């Protein structure tokens, strides 16, 4: 709707967030139109996000996570997309969701490689919601397994029981173990 | 679904861009090894001298 | 629509404590009334222009109370209604006045660059004959000239329009820059010029500036120190950075090799 | 009757050979070129396509073809359709369908067969295998030809062409990311289309659909792009922000990104002209001067006369602000002359600096340079005349008199003399020694260059910067030889 | 793109339609004395020429009278 509206900055810099909630809800509509206009309110979004005063940390962490990767590196957006707590979001073909799950999987298996060579000692903490949102779309891929990515993504994650549930409901078991070892011997 | 065609699809397209980076490394190896064949042929030529 | 609101609108109340209650009440009523411009059914333009007007006079009390964040708040909220897609909205008689206060705020906050780039939207050829339409551009063009005598002699040229005190606030917020630039003191300046250039005989500048600048006061003269007194370099550090530049020359000149 | 009746059929088939041979050489040459390895060989036909577009921009093709010569419109590719293998009988059909229309006559029309252009792309665009590159390389060349002559109720037909283009490939895309040479080319093809119907956009409507969608399509362009097509898509957004946007809190100093290799051999000139046009409203003296003059000196390939007159006009308009206005000296073309004829009297009148006379001279015959809009920089110039004049006084002798030079500067008063001269001293572009001994204002006005005055610190950054530019030019003479020996 | 030059050339057609060969001939009255001459020097000669076109054009004949008076 709006393009150069600056009133949302003053509404975001204001107390009594009962007016901030619908202002952010309407901000999520024009954020794809103009992502750079929020760069002046990014600092205040971080201020209201770090403290526990605001009740919905996902309304701030989603805006920050959708403006950071539009502004700079995917790391700072990933820390708040993974730091948004409980997020109710269905599967969509949007660029935002596919990029945050793309970098989420890439950095997920990246941490799995950084922690795969160190089985014991100085183990880095991994949040459970990362396993929830990676294993959610992962299981969505494991509805039929498409007979191509089961052992592939099961091997990229370097996890212990990730592939035992894949071979449970699978056709041509000797083809899945022969293709499995064939993929394992070529990496 | 809509992951192997969209998510793994853009992952495969990113793999194609990685194949473009391996085409820059590839042809850099090609022309660097052809210039290497030129210097090797010249130093081998004065070796024949 | 919801109520009259015309009783306390035009009533100029000197006490702003009641206008805070009416203000928050208008925030509670307008809270669900879709602050953002809505083109649905095209019939909401009445409540949108009435809300625009009550936020304009609410900005008038917001600048009457001297609240900097509230002024840019209500101006940032009314800019949403000024910049709109549908041109069917009739131009308010006080719109150019509130934009004049926006230029007053931009020049007051040392944001004159946003004025220089802002000079594009205002020549819309709406009236162009009123003295207040050309007043901010002539005053800011005099600011580009820097001549303060024309402003002081032109102080009594403003009509009965009640923003003369706001112009005096502008002079109060630019006197630090004009007095700061005239007191730069590259080499030296004598008091006999500061008597005329500076303000009246009231010793506010020689008192506040003695604790702000913190300089020496001589025999009825202003001395200037630390002017072109910096000693040149020993040429040792730039020789080291020249050696590092030579390292970068062997690097970039011979890196691939 | 005998003149045009006998000399009527010689004209029409004049462009037929170069248009059929051109579309067959670029079509069969591009598809037959990158058909084996489309992803390996890239950007070979880019300069060919843009050189053919710039070569066909001045085509006088359609002058009389409205009367029974529109037979070129109903025909189309018809290359290996309806079946991918067994194309020998279709190789015969290539001569058959071209020969049928040439026996006696042909039933032709102009505005009749326009909408049913999507009959083939429903099932098979060209061969069902190379659909993207043959779909865009098939549709996109011939569509602006029929869509020529934007006036005369073609705007609606242009909208039909819009919904046909988006509906067939670019509603989002045909496949999410082509990721090939027709993708990297599709960037500048869809962009060039956006410039083609940009006149339709700015004609009666405004920005509320497509260029706003160009942000989602702009970042959907993946961030791994070379930013060539993404930057060309940014050019139409910045030009849409050129006439009246006026918000500067985001694109100004936030649009500034990593800035990848965005050259296009034109995009430095026109893109830098755009960012210098937007950076020309705050009176940029150091950056936009050198970089906009450089952008003026760039883009010599096709035309450096018809388009550079505007960047030259703005260039001298912002050059006369500094007091030193260089006129047209080394360029001889009868376009900037006629463009500068009304502005010549005042741009020559800047240096002399007569307030009362030239103030009337400006509005006297001023029509276009003051009718350009909002009179911003000229209304700043009307009081900048005295600042350039007092800067000429800074380039003049030191001592300032109360009658000779004050009466000469049309300003005879003691207070405003030292006051405004001091307003010129606080700028920092000049050097003066403010001293008051008997009442006269002196000045040292030392404009001596750095010769034998701290030279190492003076041209140190000159040596470092010049060696950096010449050294990246050494990289620019090392890498292209690699791009030479890459294939052999 | 090179497609944005068309409206600029249309503006050139409007400027050419304002006066029909009037500035070409009227300015050609001076161009016939300026043709084949280096246009780099014509900026200085035109600068001082237009500068002295108002008053004191020659001023060399007046020095003989200004010697005894100044």
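Chain D uses Swiss-Prot numbers throughout; the residues present, in order, are 18-505.
Note that Cβ sites are derived from N, Cα and C of the backbone, with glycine treated the same way.
Lifted from Swiss-Prot, the feature list:
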type     : residues  : note
CROSSLNK : D:38      : SUMO2 cross-link
CROSSLNK : D:38      : SUMO1 cross-link
DOMAIN   : D:286-465 : domain 'PCI'
MOD_RES  : D:418     : phosphoserine
MOD_RES  : D:430     : phosphoserine
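Residue D:38 (SUMO2 cross-link) sits 78 Å from residue D:418 (phosphoserine), counting Cα to Cα. The separation of residue D:430 (phosphoserine) from residue D:418 (phosphoserine), Cα to Cα, is 11 Å. When other Cβ atoms within 10 Å of the Cβ of residue D:430 (phosphoserine) are tallied across all protein chains shown, the result is 12. Residue D:418 (phosphoserine) falls within neither a helix nor a strand when secondary structure is assigned with DSSP, and so counts as coil.
The Cβ neighbour count for the residue listed as 'SUMO2 cross-link', using a 10 Å radius over every protein chain in view, is 10. The number of other Cβ atoms within 10 Å of the Cβ belonging to residue D:418 (phosphoserine), over all protein chains shown, comes to 12. DSSP assigns the residue listed as 'SUMO2 cross-link' to a helical segment in the three-state reduction.
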